[PDB]
>>> print(open('input.tsv').read())   # TSV, C-alpha atoms
chain	number	residue	atom	x	y	z
A	9	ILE	CA	-41.25	-8.80	16.94
A	10	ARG	CA	-40.76	-6.45	13.97
A	11	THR	CA	-39.89	-9.58	11.93
A	12	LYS	CA	-42.50	-9.04	9.23
A	13	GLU	CA	-43.07	-10.97	6.00
A	18	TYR	CA	-40.46	-12.12	1.94
A	19	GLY	CA	-41.32	-15.58	3.26
A	20	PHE	CA	-41.57	-17.67	6.44
A	28	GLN	CA	-32.35	-19.72	8.56
A	29	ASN	CA	-34.19	-19.31	11.97
A	30	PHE	CA	-33.94	-16.02	13.93
A	31	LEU	CA	-33.77	-14.53	17.42
A	32	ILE	CA	-36.53	-12.26	18.82
A	33	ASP	CA	-35.81	-10.16	22.02
A	34	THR	CA	-32.90	-7.70	22.58
A	35	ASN	CA	-33.01	-8.81	26.25
A	36	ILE	CA	-30.29	-11.37	25.36
A	37	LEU	CA	-28.49	-9.62	22.52
A	38	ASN	CA	-26.88	-7.01	24.73
A	39	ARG	CA	-26.02	-9.82	27.18
A	40	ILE	CA	-24.23	-11.37	24.18
A	41	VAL	CA	-22.79	-7.98	23.38
A	42	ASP	CA	-21.93	-7.78	27.13
A	43	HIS	CA	-19.82	-10.97	26.78
A	44	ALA	CA	-18.02	-9.37	23.86
A	45	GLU	CA	-15.40	-6.92	25.15
A	46	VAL	CA	-17.26	-4.43	22.92
A	47	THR	CA	-16.89	-0.64	22.84
A	48	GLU	CA	-17.15	2.42	20.65
A	49	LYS	CA	-13.34	1.75	20.51
A	50	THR	CA	-13.57	-1.87	19.33
A	51	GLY	CA	-14.72	-3.02	15.86
A	52	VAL	CA	-16.51	-6.33	15.01
A	53	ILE	CA	-16.74	-9.02	12.29
A	54	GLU	CA	-20.33	-10.27	12.25
A	55	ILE	CA	-20.84	-13.64	10.48
A	56	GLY	CA	-24.24	-15.04	9.47
A	57	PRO	CA	-26.33	-11.97	10.26
A	58	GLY	CA	-29.87	-12.74	9.11
A	59	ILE	CA	-32.13	-9.96	10.49
A	61	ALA	CA	-30.82	-8.48	14.46
A	62	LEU	CA	-27.60	-9.11	16.42
A	63	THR	CA	-25.89	-6.66	14.04
A	64	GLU	CA	-28.34	-3.83	14.87
A	65	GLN	CA	-27.85	-3.76	18.70
A	66	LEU	CA	-24.22	-4.51	17.88
A	67	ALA	CA	-24.02	-1.38	15.67
A	68	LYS	CA	-25.51	0.72	18.52
A	69	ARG	CA	-22.35	0.16	20.72
A	70	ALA	CA	-19.43	-0.66	18.34
A	71	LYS	CA	-16.87	1.38	16.38
A	72	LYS	CA	-17.70	-0.36	13.10
A	73	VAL	CA	-19.32	-3.67	12.06
A	74	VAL	CA	-18.37	-5.98	9.21
A	75	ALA	CA	-21.14	-8.45	8.35
A	76	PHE	CA	-20.25	-11.64	6.42
A	77	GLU	CA	-22.90	-13.46	4.41
A	78	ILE	CA	-22.80	-15.97	1.54
A	79	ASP	CA	-26.60	-16.01	1.26
A	80	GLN	CA	-27.55	-13.53	-1.51
A	81	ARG	CA	-31.25	-13.53	-0.46
A	82	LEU	CA	-30.48	-11.50	2.73
A	83	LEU	CA	-28.84	-8.44	1.08
A	84	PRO	CA	-32.11	-6.79	-0.14
A	85	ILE	CA	-33.43	-7.48	3.40
A	86	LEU	CA	-30.30	-5.89	4.94
A	87	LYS	CA	-30.78	-3.22	2.26
A	88	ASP	CA	-33.53	-1.83	4.57
A	89	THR	CA	-32.94	-3.81	7.83
A	90	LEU	CA	-29.95	-2.12	9.51
A	91	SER	CA	-29.92	0.52	6.72
A	92	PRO	CA	-30.39	3.48	9.15
A	93	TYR	CA	-27.28	2.54	11.12
A	94	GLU	CA	-24.20	4.16	9.49
A	95	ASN	CA	-21.38	2.09	11.09
A	96	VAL	CA	-22.21	-1.10	9.17
A	97	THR	CA	-20.81	-2.66	5.93
A	98	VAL	CA	-22.13	-6.07	4.76
A	99	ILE	CA	-19.37	-7.70	2.71
A	100	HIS	CA	-20.64	-10.57	0.59
A	101	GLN	CA	-18.09	-13.37	0.61
A	102	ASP	CA	-17.79	-16.99	1.63
A	103	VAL	CA	-16.26	-16.41	5.08
A	104	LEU	CA	-14.24	-19.64	4.59
A	105	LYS	CA	-12.87	-18.46	1.19
A	106	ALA	CA	-12.76	-14.89	2.42
A	107	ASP	CA	-10.20	-12.10	2.41
A	108	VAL	CA	-10.55	-11.22	6.11
A	109	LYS	CA	-6.91	-10.11	6.79
A	110	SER	CA	-7.35	-7.88	3.76
A	111	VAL	CA	-10.74	-6.50	5.08
A	112	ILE	CA	-9.22	-5.65	8.51
A	113	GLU	CA	-6.72	-3.37	6.72
A	114	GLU	CA	-9.68	-2.15	4.59
A	115	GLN	CA	-12.13	-1.36	7.48
A	116	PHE	CA	-10.72	-0.98	11.04
A	117	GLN	CA	-8.40	1.91	12.11
A	120	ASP	CA	-9.22	-1.00	17.27
A	121	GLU	CA	-9.49	-4.30	19.11
A	122	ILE	CA	-11.78	-6.54	16.91
A	123	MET	CA	-14.04	-9.32	18.22
A	124	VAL	CA	-15.63	-11.63	15.76
A	125	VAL	CA	-19.21	-12.59	16.63
A	126	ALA	CA	-20.32	-15.54	14.53
A	127	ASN	CA	-23.53	-17.48	13.90
A	128	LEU	CA	-22.58	-20.70	12.07
A	129	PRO	CA	-23.98	-24.24	11.74
A	130	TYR	CA	-22.16	-27.38	13.03
A	131	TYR	CA	-20.97	-28.55	9.56
A	132	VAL	CA	-18.76	-25.57	8.66
A	133	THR	CA	-18.66	-23.74	12.04
A	134	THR	CA	-15.58	-25.61	13.24
A	135	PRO	CA	-13.60	-25.07	10.02
A	136	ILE	CA	-14.34	-21.32	10.09
A	137	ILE	CA	-13.14	-20.67	13.66
A	138	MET	CA	-9.94	-22.48	12.63
A	139	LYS	CA	-9.41	-20.41	9.47
A	140	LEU	CA	-9.83	-17.10	11.38
A	141	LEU	CA	-7.42	-18.17	14.08
A	142	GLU	CA	-5.10	-20.16	11.76
A	143	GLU	CA	-3.44	-17.14	10.00
A	144	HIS	CA	-2.46	-15.50	13.36
A	145	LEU	CA	-5.00	-12.74	12.82
A	146	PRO	CA	-4.97	-9.91	15.43
A	147	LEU	CA	-8.28	-10.41	17.30
A	148	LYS	CA	-9.31	-9.96	20.95
A	149	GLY	CA	-11.51	-13.08	20.82
A	150	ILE	CA	-14.01	-15.27	18.92
A	151	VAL	CA	-17.54	-15.60	20.33
A	152	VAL	CA	-19.88	-18.14	18.76
A	153	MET	CA	-23.51	-19.19	19.17
A	154	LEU	CA	-23.96	-22.97	18.92
A	155	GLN	CA	-26.36	-25.68	20.27
A	156	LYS	CA	-26.71	-26.55	24.00
A	157	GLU	CA	-25.34	-30.07	23.53
A	158	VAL	CA	-22.20	-29.08	21.60
A	159	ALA	CA	-21.04	-26.36	24.04
A	160	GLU	CA	-21.40	-28.56	27.10
A	161	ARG	CA	-19.15	-31.13	25.30
A	162	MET	CA	-16.19	-29.46	27.14
A	171	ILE	CA	-12.69	-27.61	22.62
A	172	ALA	CA	-11.06	-28.99	19.41
A	173	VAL	CA	-7.94	-26.80	19.68
A	174	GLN	CA	-7.36	-25.16	23.08
A	175	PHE	CA	-3.86	-24.33	21.66
A	176	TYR	CA	-4.88	-20.97	20.08
A	177	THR	CA	-7.38	-20.04	22.80
A	178	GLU	CA	-9.01	-21.10	26.05
A	179	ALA	CA	-12.83	-21.06	26.28
A	180	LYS	CA	-15.74	-20.29	28.64
A	181	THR	CA	-19.32	-21.43	27.93
A	182	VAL	CA	-20.80	-18.24	29.31
A	183	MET	CA	-24.55	-17.47	29.15
A	184	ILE	CA	-27.08	-20.08	27.97
A	185	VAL	CA	-29.68	-19.11	25.27
A	186	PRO	CA	-33.16	-20.73	25.28
A	187	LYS	CA	-35.48	-21.90	22.48
A	188	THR	CA	-38.03	-19.47	23.92
A	189	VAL	CA	-36.18	-16.45	22.34
A	190	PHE	CA	-36.40	-17.67	18.69
A	191	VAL	CA	-39.00	-17.34	15.84
A	192	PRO	CA	-39.36	-20.79	14.36
A	193	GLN	CA	-38.43	-21.87	17.96
A	194	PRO	CA	-35.89	-24.68	17.46
A	195	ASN	CA	-36.53	-27.66	19.78
A	196	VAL	CA	-33.14	-27.76	21.58
A	197	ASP	CA	-32.00	-24.67	23.47
A	198	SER	CA	-28.62	-23.18	22.46
A	199	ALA	CA	-25.48	-21.57	24.07
A	200	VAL	CA	-22.81	-18.91	23.54
A	201	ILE	CA	-19.09	-19.50	23.84
A	202	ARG	CA	-16.39	-16.82	23.96
A	203	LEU	CA	-12.76	-17.53	23.17
A	204	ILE	CA	-10.21	-14.82	24.07
A	205	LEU	CA	-6.83	-15.67	22.55
A	206	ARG	CA	-3.38	-15.77	24.08
A	216	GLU	CA	8.50	-26.81	14.48
A	217	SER	CA	4.67	-26.60	14.07
A	218	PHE	CA	3.99	-29.52	11.72
A	219	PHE	CA	1.97	-30.32	14.86
A	220	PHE	CA	-1.01	-28.97	12.90
A	221	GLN	CA	-0.16	-31.45	10.14
A	222	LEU	CA	-0.03	-34.11	12.92
A	223	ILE	CA	-3.53	-33.67	14.36
A	224	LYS	CA	-4.86	-33.74	10.76
A	225	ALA	CA	-2.97	-36.99	10.10
A	226	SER	CA	-4.00	-38.66	13.36
A	227	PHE	CA	-7.80	-38.07	12.80
A	228	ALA	CA	-8.17	-39.43	9.18
A	229	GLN	CA	-10.02	-42.72	9.77
A	230	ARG	CA	-11.31	-41.42	13.17
A	231	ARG	CA	-12.58	-44.89	14.22
A	232	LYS	CA	-9.49	-47.01	13.41
A	233	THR	CA	-6.21	-47.41	15.38
A	234	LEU	CA	-3.26	-44.96	15.48
A	235	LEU	CA	-1.17	-47.27	13.22
A	236	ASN	CA	-3.84	-46.76	10.57
A	237	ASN	CA	-4.03	-42.94	10.88
A	238	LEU	CA	-0.24	-42.41	10.72
A	239	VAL	CA	-0.22	-44.53	7.57
A	240	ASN	CA	-2.25	-41.75	6.00
A	241	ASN	CA	0.68	-39.35	6.48
A	242	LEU	CA	3.92	-38.15	4.86
A	243	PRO	CA	6.30	-41.14	4.95
A	254	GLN	CA	8.66	-45.24	9.71
A	255	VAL	CA	10.23	-45.98	13.11
A	256	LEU	CA	8.54	-44.51	16.21
A	257	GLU	CA	8.91	-45.46	19.91
A	258	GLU	CA	6.07	-44.40	22.18
A	259	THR	CA	6.62	-41.61	24.72
A	260	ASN	CA	4.42	-43.11	27.46
A	261	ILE	CA	1.52	-43.82	25.03
A	262	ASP	CA	-0.42	-46.91	23.83
A	263	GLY	CA	-0.08	-47.79	20.15
A	264	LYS	CA	-3.63	-48.91	19.45
A	265	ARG	CA	-5.15	-46.01	21.44
A	266	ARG	CA	-7.25	-43.66	19.22
A	267	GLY	CA	-7.14	-40.02	18.11
A	268	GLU	CA	-10.01	-38.56	20.15
A	269	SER	CA	-8.44	-39.82	23.46
A	270	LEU	CA	-5.03	-38.11	23.64
A	271	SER	CA	-4.81	-35.11	26.00
A	272	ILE	CA	-3.91	-31.75	24.45
A	273	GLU	CA	-0.48	-31.64	26.17
A	274	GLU	CA	0.09	-35.32	25.30
A	275	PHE	CA	-0.46	-34.44	21.63
A	276	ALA	CA	2.47	-32.00	21.73
A	277	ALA	CA	4.90	-34.70	22.98
A	278	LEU	CA	4.29	-36.90	19.91
A	279	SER	CA	4.87	-34.01	17.51
A	280	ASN	CA	8.38	-33.62	19.02
A	281	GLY	CA	9.44	-36.80	17.21
A	282	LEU	CA	11.12	-35.23	14.16
A	283	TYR	CA	9.80	-31.74	13.23
>>> encode(input="input.tsv", output="structure tokens")
Amino acid sequence: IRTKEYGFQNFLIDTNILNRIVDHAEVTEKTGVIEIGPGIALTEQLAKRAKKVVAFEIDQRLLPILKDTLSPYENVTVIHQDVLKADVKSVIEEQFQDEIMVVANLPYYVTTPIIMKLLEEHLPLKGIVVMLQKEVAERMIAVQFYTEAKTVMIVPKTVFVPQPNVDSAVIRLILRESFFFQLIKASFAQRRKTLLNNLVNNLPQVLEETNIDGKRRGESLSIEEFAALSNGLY
């Protein structure tokens, strides 16, 4: 608990876990890493076993803190951009000679968009680990198309500084015609209303079901089922 002063965003405490996290990253002196939402903590113990680290933070307030926190470590560069509106393909060419494994600490609201954006441009990563709440992880998986997931290692409230009420979890995601991605966007518009309604918020009429109820809703359809529909007229 070196976490002094500034003002008392909530943070971790013991390294006990952090190298377990880092353990669940396929991390080496060979691999690089794209840290998102650093605070400071993760990034320090992360810098002590990685090739290079690339921290991403929109919060200005943290940079004079990271000015001296994680200053001593020399394989760290804290780029200051909105990760969502970021130039991360361009920063890979700019900072990694290399396997890459993004580690990310993001809140529910934007966390699901971000993971998409990283994946979405076919970027060359080993995998995408993310710390989220206990509830949300157990929920198993928005797109298992780009990658298949494992909710490995739980993380308790009792290793945090404000001590959030609900315990959290970590989730690693190693990766391995397509208007499909326009389809899932179109099918989820109203969210609550029927499939008729959602595919009349979509580009342009006739459509026989391939073993699938009309009035059935978006959040039901299995991931393989959702491919079959896309093969209407791509």
>>> residues_around(input="input.tsv", residues="range 88-92 of chain A", least_positions_apart="3", cutoff="8 Å", atoms="all atoms listed in the file", output="list in words")
residues 59, 63, 64, 84, 85 and 96 of chain A
>>> closest_residue(input="input.tsv", among="A:55, A:123, A:182, A:37", to="residue 71 in chain A", atoms="only C-alpha atoms")
A:123
>>> closest_residue(input="input.tsv", among="A:136, A:184, A:36, A:61", to="residue 199 in chain A", atoms="all atoms listed in the file")
A:184
>>> closest_residue(input="input.tsv", among="A:257, A:262, A:216, A:79", to="residue 283 in chain A", atoms="all atoms listed in the file")
A:216
>>> closest_atom_pairs(input="input.tsv", of="range 101-202 of chain A", to="range 50-54 of chain A", cutoff="6 Å", atoms="only C-alpha atoms", output="Markdown table")
| residue | atom | partner | partner_atom | distance |
| --- | --- | --- | --- | --- |
| A:120 | CA | A:50 | CA | 4.9 |
| A:121 | CA | A:50 | CA | 4.8 |
| A:122 | CA | A:51 | CA | 4.7 |
| A:123 | CA | A:52 | CA | 5.0 |
| A:124 | CA | A:53 | CA | 4.5 |
| A:125 | CA | A:54 | CA | 5.1 |
| A:126 | CA | A:54 | CA | 5.7 |
>>> residues_near_point(input="input.tsv", point="(4.4, -30.3, 11.3)", cutoff="12 Å", atoms="all atoms listed in the file", output="ChimeraX atom specification")
/A:216-225,241-242,276,278-283
>>> atom_distance(input="input.tsv", atom1="CA of residue 132 in chain A", atom2="CA of residue 98 in chain A")
20.2 Å
>>> closest_residue(input="input.tsv", among="A:12, A:70, A:146, A:268", to="residue 229 in chain A", atoms="all atoms listed in the file")
A:268
>>> atom_distance(input="input.tsv", atom1="CA of residue 192 in chain A", atom2="CA of residue 151 in chain A")
23.2 Å
>>> atom_distance(input="input.tsv", atom1="CA of residue 263 in chain A", atom2="CA of residue 233 in chain A")
7.8 Å
>>> residues_near_point(input="input.tsv", point="(-24.9, -3.0, 25.2)", cutoff="10 Å", atoms="all atoms listed in the file", output="JSON, numbers by chain")
{"A": [34, 36, 37, 38, 39, 40, 41, 42, 43, 44, 46, 47, 65, 66, 67, 68, 69, 70]}
>>> closest_residue(input="input.tsv", among="A:266, A:157, A:99, A:239", to="residue 111 in chain A", atoms="all atoms listed in the file")
A:99
>>> residues_around(input="input.tsv", residues="residue 107 in chain A", least_positions_apart="4", cutoff="12 Å", atoms="all atoms listed in the file", output="ChimeraX atom specification")
/A:76,99-103,111-114,139-140,143,145
>>> closest_residue(input="input.tsv", among="A:45, A:197, A:94, A:77", to="residue 150 in chain A", atoms="all atoms listed in the file")
A:45
>>> axis_aligned_box(input="input.tsv", around="range 44-49 of chain A", padding_each_side="4 Å", output="AutoDock Vina command-line options")
--center_x -15.7 --center_y -3.5 --center_z 22.8 --size_x 12.7 --size_y 19.8 --size_z 12.6
>>> build_atoms(input="input.tsv", residues="range 230-264 of chain A", atoms="N, CA and C atoms", output="PDB file, in the frame of the given file")
ATOM      1  N   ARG A 230     -10.505 -41.791  11.987  1.00  0.00           N
ATOM      2  CA  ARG A 230     -11.310 -41.420  13.170  1.00  0.00           C
ATOM      3  C   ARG A 230     -11.624 -42.592  14.094  1.00  0.00           C
ATOM      4  N   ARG A 231     -12.174 -43.663  13.515  1.00  0.00           N
ATOM      5  CA  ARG A 231     -12.580 -44.890  14.220  1.00  0.00           C
ATOM      6  C   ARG A 231     -11.442 -45.910  14.397  1.00  0.00           C
ATOM      7  N   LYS A 232     -10.550 -45.990  13.406  1.00  0.00           N
ATOM      8  CA  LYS A 232      -9.490 -47.010  13.410  1.00  0.00           C
ATOM      9  C   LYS A 232      -8.258 -46.601  14.248  1.00  0.00           C
ATOM     10  N   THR A 233      -7.368 -47.574  14.474  1.00  0.00           N
ATOM     11  CA  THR A 233      -6.210 -47.410  15.380  1.00  0.00           C
ATOM     12  C   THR A 233      -5.196 -46.369  14.908  1.00  0.00           C
ATOM     13  N   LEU A 234      -4.296 -45.954  15.793  1.00  0.00           N
ATOM     14  CA  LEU A 234      -3.260 -44.960  15.480  1.00  0.00           C
ATOM     15  C   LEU A 234      -2.255 -45.386  14.406  1.00  0.00           C
ATOM     16  N   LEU A 235      -1.930 -46.690  14.351  1.00  0.00           N
ATOM     17  CA  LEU A 235      -1.170 -47.270  13.220  1.00  0.00           C
ATOM     18  C   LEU A 235      -1.795 -46.712  11.944  1.00  0.00           C
ATOM     19  N   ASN A 236      -3.081 -47.017  11.799  1.00  0.00           N
ATOM     20  CA  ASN A 236      -3.840 -46.760  10.570  1.00  0.00           C
ATOM     21  C   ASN A 236      -3.828 -45.278  10.162  1.00  0.00           C
ATOM     22  N   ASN A 237      -3.921 -44.379  11.144  1.00  0.00           N
ATOM     23  CA  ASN A 237      -4.030 -42.940  10.880  1.00  0.00           C
ATOM     24  C   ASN A 237      -2.676 -42.364  10.453  1.00  0.00           C
ATOM     25  N   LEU A 238      -1.606 -42.781  11.130  1.00  0.00           N
ATOM     26  CA  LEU A 238      -0.240 -42.410  10.720  1.00  0.00           C
ATOM     27  C   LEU A 238       0.355 -43.403   9.681  1.00  0.00           C
ATOM     28  N   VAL A 239      -0.521 -44.059   8.921  1.00  0.00           N
ATOM     29  CA  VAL A 239      -0.220 -44.530   7.570  1.00  0.00           C
ATOM     30  C   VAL A 239      -1.308 -43.945   6.613  1.00  0.00           C
ATOM     31  N   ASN A 240      -1.712 -42.717   6.932  1.00  0.00           N
ATOM     32  CA  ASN A 240      -2.250 -41.750   6.000  1.00  0.00           C
ATOM     33  C   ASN A 240      -1.510 -40.451   6.351  1.00  0.00           C
ATOM     34  N   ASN A 241      -0.195 -40.463   6.134  1.00  0.00           N
ATOM     35  CA  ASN A 241       0.680 -39.350   6.480  1.00  0.00           C
ATOM     36  C   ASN A 241       2.036 -39.374   5.760  1.00  0.00           C
ATOM     37  N   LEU A 242       2.630 -38.210   5.538  1.00  0.00           N
ATOM     38  CA  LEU A 242       3.920 -38.150   4.860  1.00  0.00           C
ATOM     39  C   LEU A 242       4.901 -39.156   5.439  1.00  0.00           C
ATOM     40  N   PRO A 243       5.353 -40.077   4.587  1.00  0.00           N
ATOM     41  CA  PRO A 243       6.300 -41.140   4.950  1.00  0.00           C
ATOM     42  C   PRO A 243       6.023 -41.796   6.300  1.00  0.00           C
ATOM     43  N   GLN A 254       8.729 -43.783   9.815  1.00  0.00           N
ATOM     44  CA  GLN A 254       8.660 -45.240   9.710  1.00  0.00           C
ATOM     45  C   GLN A 254       8.881 -45.912  11.058  1.00  0.00           C
ATOM     46  N   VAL A 255       9.950 -45.512  11.750  1.00  0.00           N
ATOM     47  CA  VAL A 255      10.230 -45.980  13.110  1.00  0.00           C
ATOM     48  C   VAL A 255       9.804 -44.920  14.146  1.00  0.00           C
ATOM     49  N   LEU A 256       9.142 -45.396  15.193  1.00  0.00           N
ATOM     50  CA  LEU A 256       8.540 -44.510  16.210  1.00  0.00           C
ATOM     51  C   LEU A 256       8.205 -45.217  17.564  1.00  0.00           C
ATOM     52  N   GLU A 257       9.112 -45.040  18.528  1.00  0.00           N
ATOM     53  CA  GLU A 257       8.910 -45.460  19.910  1.00  0.00           C
ATOM     54  C   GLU A 257       7.929 -44.519  20.604  1.00  0.00           C
ATOM     55  N   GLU A 258       7.051 -45.124  21.399  1.00  0.00           N
ATOM     56  CA  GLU A 258       6.070 -44.400  22.180  1.00  0.00           C
ATOM     57  C   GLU A 258       6.711 -43.650  23.346  1.00  0.00           C
ATOM     58  N   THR A 259       6.303 -42.395  23.515  1.00  0.00           N
ATOM     59  CA  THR A 259       6.620 -41.610  24.720  1.00  0.00           C
ATOM     60  C   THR A 259       5.451 -41.697  25.709  1.00  0.00           C
ATOM     61  N   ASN A 260       5.464 -42.774  26.491  1.00  0.00           N
ATOM     62  CA  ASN A 260       4.420 -43.110  27.460  1.00  0.00           C
ATOM     63  C   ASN A 260       3.018 -43.061  26.857  1.00  0.00           C
ATOM     64  N   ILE A 261       2.770 -43.867  25.815  1.00  0.00           N
ATOM     65  CA  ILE A 261       1.520 -43.820  25.030  1.00  0.00           C
ATOM     66  C   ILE A 261       1.184 -45.107  24.239  1.00  0.00           C
ATOM     67  N   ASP A 262       0.007 -45.683  24.503  1.00  0.00           N
ATOM     68  CA  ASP A 262      -0.420 -46.910  23.830  1.00  0.00           C
ATOM     69  C   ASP A 262      -0.518 -46.748  22.318  1.00  0.00           C
ATOM     70  N   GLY A 263      -0.030 -47.755  21.604  1.00  0.00           N
ATOM     71  CA  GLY A 263      -0.080 -47.790  20.150  1.00  0.00           C
ATOM     72  C   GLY A 263      -1.516 -47.716  19.685  1.00  0.00           C
ATOM     73  N   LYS A 264      -2.292 -48.735  20.023  1.00  0.00           N
ATOM     74  CA  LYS A 264      -3.630 -48.910  19.450  1.00  0.00           C
ATOM     75  C   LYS A 264      -4.677 -47.918  19.950  1.00  0.00           C
TER      76      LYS A 264
END
